[PDB]
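Colleague:
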Amino acid sequence: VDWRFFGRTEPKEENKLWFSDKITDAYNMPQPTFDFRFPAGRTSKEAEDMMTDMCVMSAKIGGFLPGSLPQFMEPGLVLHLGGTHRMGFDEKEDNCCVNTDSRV
Amino acid sequence: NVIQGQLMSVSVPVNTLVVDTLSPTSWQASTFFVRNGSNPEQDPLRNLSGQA
Amino acid sequence: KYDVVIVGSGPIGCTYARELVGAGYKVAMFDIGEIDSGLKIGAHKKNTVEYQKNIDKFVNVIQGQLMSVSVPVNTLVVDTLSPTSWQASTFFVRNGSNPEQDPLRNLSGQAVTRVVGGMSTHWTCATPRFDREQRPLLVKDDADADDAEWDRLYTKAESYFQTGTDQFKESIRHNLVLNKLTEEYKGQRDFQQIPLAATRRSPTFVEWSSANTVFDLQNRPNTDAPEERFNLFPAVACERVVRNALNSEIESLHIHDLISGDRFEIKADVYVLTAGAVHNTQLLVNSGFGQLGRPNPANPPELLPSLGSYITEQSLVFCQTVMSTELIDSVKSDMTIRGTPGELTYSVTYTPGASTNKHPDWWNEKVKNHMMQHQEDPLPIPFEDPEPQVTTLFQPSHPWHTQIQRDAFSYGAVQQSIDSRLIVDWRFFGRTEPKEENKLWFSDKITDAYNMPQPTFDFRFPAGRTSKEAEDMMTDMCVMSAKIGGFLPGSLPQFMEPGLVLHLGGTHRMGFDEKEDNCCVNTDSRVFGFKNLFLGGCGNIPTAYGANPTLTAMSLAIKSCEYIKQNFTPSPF
Amino acid sequence: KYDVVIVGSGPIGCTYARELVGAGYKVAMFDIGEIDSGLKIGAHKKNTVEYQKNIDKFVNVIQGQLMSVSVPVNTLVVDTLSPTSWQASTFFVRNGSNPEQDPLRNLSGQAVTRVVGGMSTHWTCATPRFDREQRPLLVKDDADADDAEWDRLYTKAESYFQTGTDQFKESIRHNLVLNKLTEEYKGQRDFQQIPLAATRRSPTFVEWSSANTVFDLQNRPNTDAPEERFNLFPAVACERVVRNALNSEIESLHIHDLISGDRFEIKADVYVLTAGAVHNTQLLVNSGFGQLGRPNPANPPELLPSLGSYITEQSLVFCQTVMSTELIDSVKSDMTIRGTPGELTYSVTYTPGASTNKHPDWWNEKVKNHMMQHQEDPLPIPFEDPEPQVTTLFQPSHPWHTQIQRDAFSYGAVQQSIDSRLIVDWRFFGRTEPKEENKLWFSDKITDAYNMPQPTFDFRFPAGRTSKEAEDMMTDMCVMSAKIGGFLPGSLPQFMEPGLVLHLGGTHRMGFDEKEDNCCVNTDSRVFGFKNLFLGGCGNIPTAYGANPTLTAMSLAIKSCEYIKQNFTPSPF
Ligand SMILES: *Cc1cc2c(cc1C)nc1c(=O)[nH]c(=O)nc-1n2C[C@H](O)[C@H](O)[C@H](O)COP(=O)(O)OP(=O)(O)OC[C@H]1O[C@@H](n2cnc3c(N)ncnc32)[C@H](O)[C@@H]1O
Ligand SMILES: *Cc1cc2c(cc1C)nc1c(=O)[nH]c(=O)nc-1n2C[C@H](O)[C@H](O)[C@H](O)COP(=O)(O)OP(=O)(O)OC[C@H]1O[C@@H](n2cnc3c(N)ncnc32)[C@H](O)[C@@H]1O
């Protein structure tokens, strides 16, 4: 049995996806670059509490499989990236890019 | 394998792993230079290395 | 001819030596292994200046002297050989494997050490007492008297080992870990330093105890002990104790000198076997106790039917953690920190004696000095900080022993990327119910490297409580360790191979009545029916225990020595 | 105050001790390391009965005492940590790494051993002579006289080491390998047993030589040597030799007692440094020879400008093979074999003395007995067969040393599937041209675990001949080994990490003229300009060599002792 537990990440202004003005990708487009750390506070506290929850819960079904012991996966392997062009009611007030009609 | 076959990494930092078991006749650079499609802008410690 | 012969120069044999040499007996001691620890015979191998400056190297020394007890026949397929290479058509018995061994009913991790001083040349030195729930009875039907007997014996044992609980009191990391854990358990689990057989000599050097601490193993008489009589004979395999016909006395010991190759017999009044849990059993079975060969429930042994049954070994779980931001920041919580490290304006200061300080001035001085003198280093932990040595001892509500430390460890290339000061080891040790079906037996056909009957395990962790607790123990380590930091990749929470822990007991177990308690020795460690044969070691322990057993084994050995002293007279000098 | 002080108790220090104690000098010897080899001080650690019954365990003992010289700063990314774990924002200097070390210009495999007896406590004991093409000149402009000098010195060195070439003559596997290789090379390469410093005591036990063989390291005078004077002082770090102003004499040696922590100075007439290739250099640079810090071509050292330059280390390639069907079948070529193993009609017979037999009766007896008494075993090789010990020595046409053996090896789980009798190790060792740009230097800021200037390598294998030969050497091992069997998966042909081989030379090299030969010592191993300072060890070797260097180092040390004997008078007893 596989266990995958997925945590929530607070949006923080310092967490960015930006694009190189010099370097390009395979399609000659500006090369994507991440400036990302999991926020301190709630996000990190919950992530570790989440790991513990999976250890506790999974023990009810059986022991860990060697070679697949409890672990954090590499950041962004999960592919659930959001907030790169985020929605809100007011551009300035909600620090966002699109409205609730997804209109820029 | 099908999943792995179509996930292309977004930003790969410059690799700095030391391989010092090469033959003396093999060419080797004196630095860990930007290679193999790595992104030289990418700080390896502030990445989403798994993003694809 | 001697008064007493002791087989094995481990810390339990040395306990007998210490007591009986001191009492004026003419003692001989034999060990199959050799003197290979320095001029302090049987001393701890980690007590060199060079090891304590390169501590992770010591794991190699441990590995170098753990020889696997029973290896099953290997059936791994290698089909990438060249076509010209020879290959058998079957997975035949090879490379010292034991063909009697079922690979799925083994203690694959069980190993033995054959060197003077035994495993005490390399052990971790943790010497906790067993609480009542883990401990065999020495007095029946009076718990107070039983507690008093145990307290007196353990106190003497702690004396011999030089057990202390204060040698790591000035470690920042020790404190950091202990102080956090004790805050998080609501007063319902107590955390202390692991009781350690060790004496600190300086802030960077600890003299770990060993067999040598217990008894120095020098031949006597000598200048320091002109009226004592002791000889030690290394590289002598003890092969057989010779039973009389009535099974009431041992009459000699057969030995094989490994150097000359000659075989002798040695006469003593008293024979003590302290060859370890595995090798005590083997020597007994080779002498006609229990039985050789696959055991049959139809045909039980007539002599010591319980020998080699009810064996126990602990479940062991392990991980490492990387210390949390919260804890690293707390190290420096009392400091005012201004500027950027390495720049002209950088400073780290504290106010001595301030009441709002979390830490005493000794801590703050060390941290401030480290931070100001090593501005290239981003951690507040000083460089020669002693390692954490933390436990919460076994209790009914958490019936497992715990050790939270930073022991010698061979980090992989990627783990070595993590600063060692951040790394904490977790080892949790479970207790195993004694079950008659769990056995150590010996082949009637196959022999080991010393031409002795080959040991074979028939072991599974008992169903019920033992297995339920082991898994609850794994969970406890996941929960507890999360309070200090996340898991270190490559050292994620795992069960270790059965018997890697080396806390095997019950192979020649103690009780009040041979039949009623299904046992082999009485509370004097005397073999039932025999006037003059005693066994010492963890194999005597008949109970389900989680804590490290050597101190308890030693305590039983002191009691056994008292019996010998009360009943056998030393020969005249 | 002593006549002679020797720094280091390795086999080269013991050579000086042997010669000079014997000649009647009052000798002191210091070693930073401790006595930890048994009561035979400085003896080979593989000389226990237990290791020779469990030989693959000995690799752990070697690993346990090789401390890396210079480790670069690690920059491996671990990004699978929990978010609560502390992490630095940079790959900062940690875990004892050397921040001066360029990771791409290192000898990452270089390590040192600090124990009494040095590396001779664990070495492989191969003691070949160097042919002319590898060997420094002791006499200029007369090759015959040079050859005579070398023959006399090597002969004495072989005596001290107890070097032999016959101790493995009855190994089936030795023969199987040697006899095949010599048939396949058309008479143009000669194969012999590796000359080994060792004395066989029985068919399953070899007493490997060490420093102890050379000099027993017991204090004198003693009962065996009432008129000799020697003291050995372990756990003493030798820190500095004190130069006079004219750089013509050493005036004292500063020492640090590691146990008490006190620092002393010791006066002698003669100072000999035998602390190894790395640590001789370090002790000299700490005493003001050469220079501390990153070297500058602008600003060369005024004292011993060649110290720490022209360093050489060998290229080393390795694989293992699994013995071919052709060779395994040849073992039993003289046998008539009828029936199926384990069945009533199975038999294996030969005709003694038959002329058409390929093998002598001693071989055929062993094989027939093995095959008939172990019918469960599919191989014709007896179980306690000694290991192969085969070489073809360096020659102009194949300028690399070779060793074809079966040494201690920690096989992975899958390799352990292959019967050990089938497995053969290949190690080929190349020669490295001395180049001025190849350096060992010492940090002016960073210190090692003993508070001494931190060693740093600036090394690449020279372009040209050295690199061309190394790759030709790899190819030679692929070609040669294929004659015996295919490669063992997990041990495929590979270059080992630079300096793992531990045959570093040229760090304080010998020659006739300091300026002309770019060197540090003369052919008496005397430091140029100094009346009373001598260096011993592989660091003296100035040439490109492939063969194992210790015997050659020892030969130079005997010559140095002769000079000391001719020029310094022992003090009166
Ligand atoms: C391996 C080790 C063990 C250890 C541990 C960590 C490791 C890496 N840490 C421990 C700790 O923190 N606390 C604790 O209580 N125990 C720890 N251990 C285990 C401990 O070392 C053993 O429990 C203890 O050493 C047992 O003592 P004992 O004296 O009973 O047995 P021994 O040390 O194994 O020595 C027995 C000897 O007798 C010899 N021998 C064996 N067979 C023969 C024969 N046939 N003839 C003559 N002599 C024999 C051995 O060679 C040996 O020295
Ligand atoms: C590691 C080993 C080495 C070895 C080998 C296999 C391995 C696994 N096999 C070899 C073989 O088959 N043939 C051969 O010729 N060499 C082999 N080697 C290498 C060999 O062991 C060395 O070449 C030899 O031991 C060198 O001898 P030497 O006497 O020059 O040096 P040493 O053995 O390193 O001992 C030097 C000692 O001095 C000490 N020390 C170091 N620093 C100090 C200071 N500051 N003060 C006082 N003492 C110092 C050491 O502790 C040491 O014992």
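As you go down the protein sequences, you meet chains A, B, C and D in turn.
For the first sequence, the UniProt record's numbering begins at 469 and goes up steadily by one.
For the second sequence, the UniProt record's numbering begins at 105 and goes up steadily by one.
For the third sequence, the UniProt record's numbering begins at 46 and goes up steadily by one.
For the fourth sequence, the UniProt record's numbering begins at 46 and goes up steadily by one.
Every residue, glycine too, gets a C-beta built ideally from N, C-alpha and C.
Assuming residue 236/D and residue 223/D form a contact by the criterion Cβ under 8 Å, report the distance between their Cβ atoms to the nearest whole angstrom.
Modeller: Position 191 of the fourth sequence, counted from the first residue, corresponds to residue 236/D. Position 178 of the fourth sequence, counted from the first residue, corresponds to residue 223/D. Sure, about 5 Å apart at Cβ, within 8 Å.
Colleague: Taking the alpha carbon of residue 56/D as the point to measure from, which residue in 190/D, 139/D, 203/D has its own alpha carbon closest?
Modeller: Mapped onto the fourth sequence, residue 56/D falls at position 11. When each option's Cα is compared against that of residue 56/D, the closest is 203/D.
Colleague: Looking at the secondary structure, which residues open and close the beta strand (DSSP E) in which residue 368/C lies?
Modeller: The residue given as residue 368/C occupies position 323 in the third sequence. Its beta strand (DSSP E) spans residues 361-368.
Colleague: Rounded to whole angstroms, what is the Cα-Cα separation between residue 417/D and residue 376/D?
Modeller: Walking along the fourth sequence from the start, residue 417/D turns up at place 372. Walking along the fourth sequence from the start, residue 376/D turns up at place 331. C-alpha separation (whole angstroms): 15 Å.
Colleague: Looking at residue 124/B and ligand 2, is the gap between the Cβ and the nearest heavy atom below 7 Å?
Modeller: The residue labelled residue 124/B in the question sits at position 20 within the second sequence. Every heavy atom of ligand 2 is 7 Å or more from the Cβ of residue 124/B, so no.
Colleague: Quick check: what's the CA-CA separation for residue 509/A versus residue 515/A?
Modeller: Indexing the first sequence from 1 puts residue 509/A at position 41. Indexing the first sequence from 1 puts residue 515/A at position 47. Between residue 509/A and residue 515/A, the C-alpha separation is close to 10 Å.
Colleague: Over the uninterrupted alpha helix (DSSP H) stretch that includes residue 206/D, give me the two end residues.
Modeller: Here residue 206/D refers to the residue found at position 161 of the fourth sequence. Per DSSP, residue 206/D belongs to the alpha helix (DSSP H) from 188-206.
Colleague: Scan the segment 502-520 of chain D for residues whose Cβ lies nearer than 7 Å to a Cβ of chain G and list them as they occur along the chain.
Modeller: Included in the structure are the protein chains A, B, C and D, with no chain G among them.
Colleague: For the segment 572-615 of chain C, list the beta strand (DSSP E) runs that are entirely contained and at least 3 residues long, ordered along the chain.
Modeller: For the segment 572-615 of chain C, whole beta strand (DSSP E) runs of length 3 or above, ordered along the chain, are 578-580.
Colleague: Using beta carbons (cut-off 8 Å, strictly below), is residue 106/B in contact with chain A?
Modeller: Residue numbering aside, residue 106/B sits at position 2 when the second sequence is read from its first letter. Closer than 8 Å: no.
Colleague: Can you tell me the Cα-Cα spacing of residue 567/C and residue 559/C, whole angstroms?
Modeller: Position 522 of the third sequence, counted from the start, is the residue given in the question as residue 567/C. Position 514 of the third sequence, counted from the start, is the residue given in the question as residue 559/C. Those two C-alpha atoms are separated by around 8 Å.
Colleague: Less than 8 Å between the beta carbons of residue 88/D and residue 74/D, yes or no?
Modeller: The residue you call residue 88/D lines up with position 43 of the fourth sequence. The residue you call residue 74/D lines up with position 29 of the fourth sequence. It is not a contact, given that the beta carbons lie outside the stated cut-off.
Colleague: At 3 residues or longer, and completely inside the segment 522-553 of chain A: list those beta strand (DSSP E) runs for me, N to C.
Modeller: If we require 3 residues or more, the segment 522-553 of chain A turns out to have no beta strand (DSSP E) run fully inside it.
Colleague: Verify the contact flag: residue 168/D, CB atom, against every heavy atom of ligand 2, threshold strictly below 7 Å.
Modeller: Here the question's residue 168/D lines up with position 123 in the fourth sequence. Yes, ligand 2 has a heavy atom inside 7 Å of this Cβ.
Colleague: With which residues is residue 310/D paired in a DSSP beta bridge?
Modeller: Counted from its first residue, the fourth sequence places residue 310/D at position 265. In the DSSP output, where bridge partners are listed per residue, residue 310/D has 299/D.
Colleague: Scan the segment 447-468 of chain D for residues whose Cβ lies nearer than 7 Å to a Cβ of chain C and list them as they occur along the chain.
Modeller: If the cut-off is 7 Å between Cβ atoms, the segment 447-468 of chain D has 458, 459, 461, 462, 463, 464, 465, 467 near chain C.
Colleague: Please confirm whether residue 481/D and residue 585/D have their CB atoms less than 8 Å apart.
Modeller: Counting from 1 along the fourth sequence, the entry for residue 481/D is found at position 436. Counting from 1 along the fourth sequence, the entry for residue 585/D is found at position 540. For residue 481/D and residue 585/D, no; Cβs fall outside 8 Å.
Colleague: Just how far apart, CA to CA, sit residue 124/D and residue 85/C?
Modeller: In the fourth sequence, residue 124/D corresponds to position 79, counting from 1. In the third sequence, residue 85/C corresponds to position 40, counting from 1. Distance between the alpha carbons of residue 124/D and residue 85/C is about 47 Å.
Colleague: Report all residues from its chain with a CB closer than 6 Å to the CB of residue 470/D; omit the five preceding and five following residues, and keep chain order.
Modeller: As a working mapping, residue 470/D is identified with position 425 in the fourth sequence. Closer than 6 Å at the Cβ level, and outside the excluded window around residue 470/D, lie 365, 450, 451, 452.
Colleague: Please determine whether the Cβ atom of residue 506/A lies at a distance below 7 Å from any heavy atom of ligand 2.
Modeller: Numbered from 1 along the first sequence, position 38 holds the residue referred to as residue 506/A. Result no, Cβ not under 7 Å from ligand 2.
Colleague: At the 8 Å Cβ level, is residue 482/A part of the contact set with chain D, yes or no?
Modeller: The residue given as residue 482/A occupies position 14 in the first sequence. With 8 Å as the cut-off, residue 482/A does not count as an interface residue toward chain D.
Colleague: Give the single residue among 182/C, 228/C, 255/C, 401/C whose Cα lies nearest to the Cα of residue 241/C.
Modeller: For the purposes of this step, residue 241/C is taken as the residue at position 196 of the third sequence. That would be 255/C, whose Cα lies nearest to the Cα of residue 241/C.
Colleague: Regarding residue 643/D and ligand 2, is the C-beta to nearest heavy atom distance less than 7 Å?
Modeller: Nothing can be reported for residue 643/D: it is not among the residues displayed for chain D, which extend from 46 to 618.
Colleague: Rank 395/D, 577/D, 49/D, 294/D by C-alpha distance to the C-alpha of residue 311/D and give the top, closest one.
Modeller: On the fourth sequence, position 266 is the one that residue 311/D refers to. Looking at the Cα atoms, 49/D is the closest of the given residues.
Colleague: Between which two residues does the alpha helix (DSSP H) containing residue 229/D stretch?
Modeller: Counting from 1 along the fourth sequence, the entry for residue 229/D is found at position 184. Run containing residue 229/D: 217-229, per the alpha helix (DSSP H) assignment.
Colleague: Please state if the CB of residue 154/C and the CB of residue 543/C are separated by a distance shorter than 8 Å.
Modeller: Translated into positions along the third sequence, residue 543/C becomes position 498. Translated into positions along the third sequence, residue 154/C becomes position 109. In this structure, residue 154/C lies closer than 8 Å to residue 543/C by Cβ.
Colleague: Taking Cβ positions only, does residue 500/A come closer than 8 Å to chain B?
Modeller: Taking the first residue of the first sequence as position 1, residue 500/A is located at position 32. Answer yes: the Cβ-Cβ gap between residue 500/A and chain B drops below 8 Å somewhere.
Colleague: Going by DSSP, what residues sit across from residue 355/D in a beta bridge?
Modeller: As a first step, residue 355/D must be located in the fourth sequence, where it is residue number 310. Its beta-bridge partners do not exist; DSSP assigns none.
Colleague: What separation, rounded to the nearest whole angstrom, lies between the Cα atoms of residue 148/B and residue 296/D?
Modeller: In the second sequence, counting from the first residue as 1, residue 148/B sits at position 44. In the fourth sequence, counting from the first residue as 1, residue 296/D sits at position 251. Using only the alpha carbons, I get a separation of about 55 Å.
Colleague: Taking 7 Å as the limit between beta carbons, can you name the residues of its chain near residue 229/D, skipping five residues before and five after?
Modeller: Indexing the fourth sequence from 1 puts residue 229/D at position 184. For residue 229/D, where only same-chain residues beyond five positions count, the Cβ hits under 7 Å are 528.
Colleague: Is residue 105/C near ligand 1, in the sense that its beta carbon is under 7 Å from a heavy atom of that ligand?
Modeller: In the third sequence, counting from the first residue as 1, residue 105/C sits at position 60. Incorrect: residue 105/C has no Cβ contact closer than 7 Å to ligand 1.
Colleague: Is there a Cβ from chain D that is less than 8 Å from the Cβ of residue 149/B?
Modeller: Here residue 149/B refers to the residue found at position 45 when the second sequence is read from its first residue. Yes, residue 149/B lies at the interface with chain D (some Cβ there is under 8 Å from its Cβ).
Colleague: Hey, would you say residue 521/D sits closer than 8 Å to residue 473/D, going by beta carbons?
Modeller: Indexing the fourth sequence from 1 puts residue 521/D at position 476. Indexing the fourth sequence from 1 puts residue 473/D at position 428. Against a cut-off of 8 Å, the Cβ pair of residue 473/D and residue 521/D comes out as a contact.
Colleague: Residues of chain C with CB under 9 Å from residue 117/D, in chain order?
Modeller: Position 72 of the fourth sequence, counted from the first residue, corresponds to residue 117/D. Result: empty, since nearest Cβ-Cβ is about 11 Å, beyond 9 Å.
Colleague: Taking Cβ positions only, does residue 156/B come closer than 8 Å to chain A?
Modeller: Walking along the second sequence from the start, residue 156/B turns up at place 52. Output row for residue 156/B: interface = yes.
Colleague: On the DSSP bridge assignment, give the partners of residue 475/C in chain order.
Modeller: Position 430 of the third sequence holds residue 475/C. In DSSP, residue 475/C forms a bridge with 445/C.
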